[PDB]
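Everything below belongs to final_38.json, which stores JSON, N, CA and C atoms.
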[["chain", "number", "residue", "atom", "x", "y", "z"],
["A", 493, "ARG", "N", 10.03, -40.25, 5.54],
["A", 493, "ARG", "CA", 8.63, -40.29, 5.17],
["A", 493, "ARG", "C", 7.75, -39.33, 5.97],
["A", 494, "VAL", "N", 7.89, -39.30, 7.32],
["A", 494, "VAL", "CA", 7.20, -38.35, 8.20],
["A", 494, "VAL", "C", 7.58, -36.92, 7.87],
["A", 495, "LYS", "N", 8.88, -36.64, 7.65],
["A", 495, "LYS", "CA", 9.34, -35.33, 7.24],
["A", 495, "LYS", "C", 8.81, -34.86, 5.89],
["A", 496, "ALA", "N", 8.76, -35.76, 4.88],
["A", 496, "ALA", "CA", 8.15, -35.51, 3.58],
["A", 496, "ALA", "C", 6.64, -35.26, 3.67],
["A", 497, "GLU", "N", 5.89, -36.06, 4.47],
["A", 497, "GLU", "CA", 4.48, -35.85, 4.76],
["A", 497, "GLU", "C", 4.24, -34.51, 5.46],
["A", 498, "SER", "N", 5.06, -34.14, 6.46],
["A", 498, "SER", "CA", 5.04, -32.83, 7.11],
["A", 498, "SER", "C", 5.35, -31.65, 6.21],
["A", 499, "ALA", "N", 6.37, -31.76, 5.33],
["A", 499, "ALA", "CA", 6.70, -30.79, 4.30],
["A", 499, "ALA", "C", 5.62, -30.63, 3.25],
["A", 500, "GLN", "N", 4.98, -31.74, 2.83],
["A", 500, "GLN", "CA", 3.83, -31.71, 1.97],
["A", 500, "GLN", "C", 2.62, -31.04, 2.61],
["A", 501, "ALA", "N", 2.35, -31.31, 3.91],
["A", 501, "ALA", "CA", 1.33, -30.62, 4.67],
["A", 501, "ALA", "C", 1.60, -29.13, 4.83],
["A", 502, "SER", "N", 2.83, -28.71, 5.19],
["A", 502, "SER", "CA", 3.21, -27.31, 5.32],
["A", 502, "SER", "C", 3.12, -26.53, 4.02],
["A", 503, "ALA", "N", 3.54, -27.14, 2.89],
["A", 503, "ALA", "CA", 3.36, -26.60, 1.56],
["A", 503, "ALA", "C", 1.90, -26.41, 1.19],
["A", 504, "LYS", "N", 1.01, -27.39, 1.48],
["A", 504, "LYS", "CA", -0.43, -27.25, 1.30],
["A", 504, "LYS", "C", -0.98, -26.09, 2.12],
["A", 505, "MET", "N", -0.61, -25.98, 3.41],
["A", 505, "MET", "CA", -1.03, -24.89, 4.28],
["A", 505, "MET", "C", -0.60, -23.50, 3.81],
["A", 506, "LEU", "N", 0.66, -23.34, 3.34],
["A", 506, "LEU", "CA", 1.16, -22.12, 2.75],
["A", 506, "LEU", "C", 0.44, -21.71, 1.47],
["A", 507, "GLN", "N", 0.16, -22.68, 0.58],
["A", 507, "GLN", "CA", -0.64, -22.49, -0.62],
["A", 507, "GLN", "C", -2.06, -22.03, -0.32],
["A", 508, "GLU", "N", -2.70, -22.60, 0.73],
["A", 508, "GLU", "CA", -3.98, -22.14, 1.24],
["A", 508, "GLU", "C", -3.96, -20.71, 1.78],
["A", 509, "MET", "N", -2.95, -20.33, 2.58],
["A", 509, "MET", "CA", -2.77, -18.96, 3.03],
["A", 509, "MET", "C", -2.53, -17.96, 1.91],
["A", 510, "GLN", "N", -1.73, -18.33, 0.89],
["A", 510, "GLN", "CA", -1.50, -17.51, -0.28],
["A", 510, "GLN", "C", -2.76, -17.19, -1.07],
["A", 511, "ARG", "N", -3.62, -18.20, -1.32],
["A", 511, "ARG", "CA", -4.92, -18.03, -1.95],
["A", 511, "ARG", "C", -5.85, -17.11, -1.16],
["A", 512, "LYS", "N", -5.89, -17.26, 0.19],
["A", 512, "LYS", "CA", -6.67, -16.39, 1.06],
["A", 512, "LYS", "C", -6.21, -14.93, 1.02],
["A", 513, "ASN", "N", -4.89, -14.69, 1.03],
["A", 513, "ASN", "CA", -4.30, -13.37, 0.87],
["A", 513, "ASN", "C", -4.57, -12.73, -0.49],
["A", 514, "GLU", "N", -4.48, -13.51, -1.59],
["A", 514, "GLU", "CA", -4.85, -13.05, -2.93],
["A", 514, "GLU", "C", -6.30, -12.61, -3.00],
["A", 515, "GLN", "N", -7.23, -13.42, -2.46],
["A", 515, "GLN", "CA", -8.64, -13.06, -2.36],
["A", 515, "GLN", "C", -8.88, -11.79, -1.56],
["A", 516, "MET", "N", -8.22, -11.63, -0.40],
["A", 516, "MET", "CA", -8.32, -10.42, 0.40],
["A", 516, "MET", "C", -7.82, -9.16, -0.31],
["A", 517, "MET", "N", -6.68, -9.25, -1.04],
["A", 517, "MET", "CA", -6.15, -8.17, -1.86],
["A", 517, "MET", "C", -7.08, -7.75, -2.99],
["A", 518, "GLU", "N", -7.65, -8.72, -3.74],
["A", 518, "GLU", "CA", -8.65, -8.47, -4.77],
["A", 518, "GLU", "C", -9.90, -7.78, -4.23],
["A", 519, "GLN", "N", -10.39, -8.22, -3.05],
["A", 519, "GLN", "CA", -11.48, -7.58, -2.35],
["A", 519, "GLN", "C", -11.18, -6.15, -1.91],
["A", 520, "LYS", "N", -9.98, -5.90, -1.34],
["A", 520, "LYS", "CA", -9.51, -4.58, -0.95],
["A", 520, "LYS", "C", -9.35, -3.61, -2.11],
["A", 521, "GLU", "N", -8.80, -4.08, -3.25],
["A", 521, "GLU", "CA", -8.65, -3.33, -4.48],
["A", 521, "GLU", "C", -9.99, -2.93, -5.09],
["A", 522, "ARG", "N", -10.97, -3.86, -5.08],
["A", 522, "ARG", "CA", -12.34, -3.62, -5.49],
["A", 522, "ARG", "C", -13.04, -2.55, -4.64],
["A", 523, "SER", "N", -12.87, -2.60, -3.30],
["A", 523, "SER", "CA", -13.35, -1.58, -2.37],
["A", 523, "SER", "C", -12.73, -0.21, -2.59],
["A", 524, "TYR", "N", -11.41, -0.15, -2.85],
["A", 524, "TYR", "CA", -10.71, 1.07, -3.18],
["A", 524, "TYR", "C", -11.20, 1.70, -4.48],
["A", 525, "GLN", "N", -11.40, 0.89, -5.55],
["A", 525, "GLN", "CA", -11.94, 1.37, -6.81],
["A", 525, "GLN", "C", -13.33, 1.98, -6.68],
["A", 526, "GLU", "N", -14.23, 1.36, -5.89],
["A", 526, "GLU", "CA", -15.53, 1.91, -5.58],
["A", 526, "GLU", "C", -15.48, 3.24, -4.83],
["A", 527, "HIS", "N", -14.61, 3.34, -3.80],
["A", 527, "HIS", "CA", -14.37, 4.55, -3.03],
["A", 527, "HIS", "C", -13.86, 5.69, -3.91],
["A", 528, "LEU", "N", -12.93, 5.39, -4.84],
["A", 528, "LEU", "CA", -12.50, 6.35, -5.83],
["A", 528, "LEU", "C", -13.60, 6.82, -6.77],
["A", 529, "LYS", "N", -14.46, 5.92, -7.27],
["A", 529, "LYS", "CA", -15.61, 6.26, -8.08],
["A", 529, "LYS", "C", -16.64, 7.12, -7.38],
["A", 530, "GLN", "N", -16.88, 6.86, -6.08],
["A", 530, "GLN", "CA", -17.64, 7.77, -5.25],
["A", 530, "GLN", "C", -17.01, 9.16, -5.01],
["A", 531, "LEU", "N", -15.69, 9.20, -4.61],
["A", 531, "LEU", "CA", -15.05, 10.35, -3.94],
["A", 531, "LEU", "C", -13.52, 10.67, -4.22],
["A", 532, "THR", "N", -12.90, 10.24, -5.36],
["A", 532, "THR", "CA", -11.68, 10.83, -6.01],
["A", 532, "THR", "C", -11.67, 12.06, -6.80],
["A", 533, "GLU", "N", -10.90, 13.12, -6.42],
["A", 533, "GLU", "CA", -10.84, 14.39, -7.11],
["A", 533, "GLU", "C", -10.95, 14.49, -8.62],
["A", 534, "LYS", "N", -10.29, 13.68, -9.42],
["A", 534, "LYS", "CA", -10.43, 13.70, -10.85],
["A", 534, "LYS", "C", -11.62, 12.92, -11.42],
["A", 535, "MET", "N", -11.95, 11.77, -10.80],
["A", 535, "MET", "CA", -12.74, 10.69, -11.39],
["A", 535, "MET", "C", -13.98, 10.36, -10.58],
["A", 536, "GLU", "N", -14.43, 11.25, -9.68],
["A", 536, "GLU", "CA", -15.56, 11.03, -8.81],
["A", 536, "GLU", "C", -16.86, 11.72, -9.13],
["A", 537, "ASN", "N", -17.92, 11.18, -8.53],
["A", 537, "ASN", "CA", -19.22, 11.79, -8.57],
["A", 537, "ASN", "C", -19.38, 13.04, -7.68],
["A", 538, "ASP", "N", -18.92, 13.07, -6.40],
["A", 538, "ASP", "CA", -19.13, 14.19, -5.47],
["A", 538, "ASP", "C", -18.46, 15.47, -6.00],
["A", 539, "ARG", "N", -17.19, 15.40, -6.47],
["A", 539, "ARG", "CA", -16.48, 16.50, -7.11],
["A", 539, "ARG", "C", -17.17, 17.08, -8.33],
["A", 540, "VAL", "N", -17.71, 16.21, -9.21],
["A", 540, "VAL", "CA", -18.51, 16.62, -10.34],
["A", 540, "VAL", "C", -19.76, 17.37, -9.89],
["A", 541, "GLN", "N", -20.46, 16.88, -8.85],
["A", 541, "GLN", "CA", -21.61, 17.55, -8.27],
["A", 541, "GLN", "C", -21.28, 18.92, -7.69],
["A", 542, "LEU", "N", -20.19, 19.03, -6.91],
["A", 542, "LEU", "CA", -19.68, 20.28, -6.36],
["A", 542, "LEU", "C", -19.29, 21.33, -7.40]]
Structure translated into structure tokens:
Amino acid sequence: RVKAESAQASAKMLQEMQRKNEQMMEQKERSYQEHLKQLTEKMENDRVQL
């Protein structure tokens, strides 16, 4: 019972870390897309201006 409660707690903790990592990746990808829209050679504003 203690081992099952501990395994259930560890599984909950891992699921919480996975969600936090997914959120961080989505945030990082969003930041990269904005940086590309500002300053990527094919698809940017600064290159078009130059």
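Straight-line separation from atom C of residue 540 in chain A to CA of residue 526 in chain A: 16.6 Å.
Counting from atom C of residue 508 in chain A, the distance to CA of residue 525 in chain A is 25.0 Å.
Of note, CA of residue 521 in chain A and atom C of residue 541 in chain A are spaced 25.8 Å apart.
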For range 493-510 of chain A, what centre and edge lengths in Å (one decimal) does the axis-aligned box get once 6 Å is added on each side of all its listed atoms, as JSON?
{"center_x": 3.0, "center_y": -28.7, "center_z": 3.6, "size_x": 26.0, "size_y": 35.1, "size_z": 21.3}
